[PDB]
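Visitor: With the input below, show me the fold.
(one chain, ligands or ions: 1)
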Amino acid sequence: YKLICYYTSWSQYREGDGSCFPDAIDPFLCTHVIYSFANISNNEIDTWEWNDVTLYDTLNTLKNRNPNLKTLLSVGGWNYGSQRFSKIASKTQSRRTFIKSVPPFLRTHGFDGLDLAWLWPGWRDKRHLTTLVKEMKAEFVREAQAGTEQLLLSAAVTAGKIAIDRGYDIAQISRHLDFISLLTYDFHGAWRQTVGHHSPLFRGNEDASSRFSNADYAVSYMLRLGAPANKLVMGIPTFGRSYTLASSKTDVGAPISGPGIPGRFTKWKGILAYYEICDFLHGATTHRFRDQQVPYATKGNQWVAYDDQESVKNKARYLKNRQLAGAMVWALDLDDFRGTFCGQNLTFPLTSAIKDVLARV
Ligand SMILES: *[C@@H]1O[C@H](CO)[C@@H](O[C@@H]2O[C@H](CO)[C@@H](O)[C@H](O)[C@H]2NC(C)=O)[C@H](O)[C@H]1NC(C)=O
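Guide: Residues are numbered from 1 along each chain as shown. Provided below are the atomic coordinates:
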């Protein structure tokens, strides 16, 4: 099994226990840790926050404890516009400078591969990733003739029908990537005004349109597109999405006035870290959609759509049955990495649950 576990750079600024450095990360836990994004400046990869060079050394030493543990840097992200990305891989001047620019960098810092997080390319881009990604690997195969372990190249891909079709030539980009992470917690989110679960496993026999919106379809689709089994990694949320209810209506179908308040540690509108959610559950009403096989919680005006131990194992089982390459956990820093908020003295409750399913077979 492969268990790619992202780590986000900025989680360091969370106050108190919220704060998480390459420190709290178990070296034996996942197989691949990906430092969440980098930046680009003067068409040459570059760091993002100020002390990255150090965090790049905190994280990469975990490998001294687990010689098999592989690390990766991701380029792109939410806070990195498509425009800047789309402007780099169409002007072959800018594309080839950026390429040549990263093997050295990744080497210098001990990263074993690069992970492209071009957050959703447009229909005018499908042609451009294709060759950006393509020859990135021509470079990587070339650098490897220097007598060293070939750098790895992977991509984070959206999981929405429309989103995939629009800007991804999966069939061809699958034969140059080492693995693909399916953002399979990409289905409901923020707000055309109904309460919904962002990462459903199955359909929910209840509504018809938006079958497209679930992990099973996303997965069958990708395989049908031509993406090999042994190269698909199914994304699993370690966080939840919050919603301020607009009405005493709580069952799914209920109105939404807005985004959910922040957690005291996470401080984002509409997002909650699993550890924050564990405290939220105290005094709550827990629910679970039987077919999508995922839970949600409500307290006061707040409505939370999230994943707990079993919902995540269930996914883990699904992943194993179709014979995928492995699982992906969005943010190690959104799990209970301190393992002090969620009752059981277990640390990284969620990411372990997956591991367990992926391990006892
Ligand atoms: C990412 O790299 C860019 C490269 O210029 C850094 O620069 C800013 O972005 C605009 C767009 O070109 C520039 O015109 C401004 O001069 C810059 N603004 C700032 C805040 O200095 C950018 O800072 C890098 N990103 C991070 C956060 O690491």
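Visitor: can you give me the helices in the stretch 51-200 of the chain?
Guide: Using DSSP state H, counting those that start in this stretch, the helices of the stretch 51-200 of the chain run over 52-60, 62-65, 82-88, 92-108, 126-143, 161-167, 170-173.
Visitor: Quick one: closest of those to the ligand.
Guide: Shortest distance between the ligand and these, using Cβ to the nearest ligand atom, is found for helix 82-88: 7.6 Å. C-beta: built from backbone N, CA, C; applies to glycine.
Visitor: if we look at stretch 208-221, which residues are touching it?
Guide: 159-162, 164, 182, 184, 186-188, 199-204, 232, 234, 292, 315, 318, 322, 324 (Cβ atoms under 8 Å, 6 or more residues apart in numbering).
Visitor: Going by neighbour count, list what's buried in it.
Guide: By neighbour count on 16 or more other Cβ atoms under 10 Å, the buried set for stretch 208-221 is 210, 213-219, 221.
Visitor: same check, this time on stretch 46-54
Guide: Neighbour-count burial for stretch 46-54 flags 47-48, 52 (criterion: 16+ other Cβ under 10 Å).
Visitor: Residue 244: which of those residues is nearest?
Guide: For these, the minimum distance to residue 244 (Cβ to Cβ) is 31.3 Å, reached by residue 48.
Visitor: domain assignment for this structure?
Guide: The chain is divided into the following domains under curated CATH domains: 1-238+307-361, 239-306.
Visitor: out of those, which comes closest to the ligand?
Guide: Nearest of the domains of the chain (Cβ to the nearest ligand atom): domain 1-238+307-361, 3.6 Å.
Visitor: Need the distance between the two termini of that closest one.
Guide: Length of domain 1-238+307-361, first residue to last, Cα to Cα, to the nearest Å: 9 Å.
Visitor: just stretch 45-63 next, same as before
Guide: 23 Å.
Visitor: quick check, distance from it to the centre of its chain.
Guide: Counting by Cα atoms, centre = their mean, to the nearest Å, stretch 45-63 is centred 19 Å from the centre of its parent chain.
Visitor: close to the ligand, is it?
Guide: Yes. Against the ligand, stretch 45-63 shows contacts by Cβ under 6 Å from any ligand atom at residue 48.
Visitor: wouldn't residue 239 be in contact with residue 333 here?
Guide: No. With contact defined as Cβ atoms under 8 Å, residue 239 does not reach residue 333; the gap is 9.7 Å.
Visitor: how about residue 307, what does it touch?
Guide: Contacts for residue 307 (Cβ under 8 Å, 6+ apart) come out as 185, 199, 236-238, 240, 274, 294-295, 315, 350.
Visitor: Could you pull up phi and psi at it?
Guide: Backbone torsions of residue 307, given as degrees, to the nearest 10, read phi -120, psi 130.
Visitor: how about residue 21, what does it touch?
Guide: 12, 55, 58.
Visitor: next one: residue 118
Guide: 75-76, 82, 85, 125, 129, 155.
Visitor: What parts of the stretch 1-150 of the chain come near the ligand?
Guide: Selection of the stretch 1-150 of the chain residues close to the ligand by Cβ under 6 Å from any ligand atom yields 39-41, 48.
Visitor: Lovely, talk soon.
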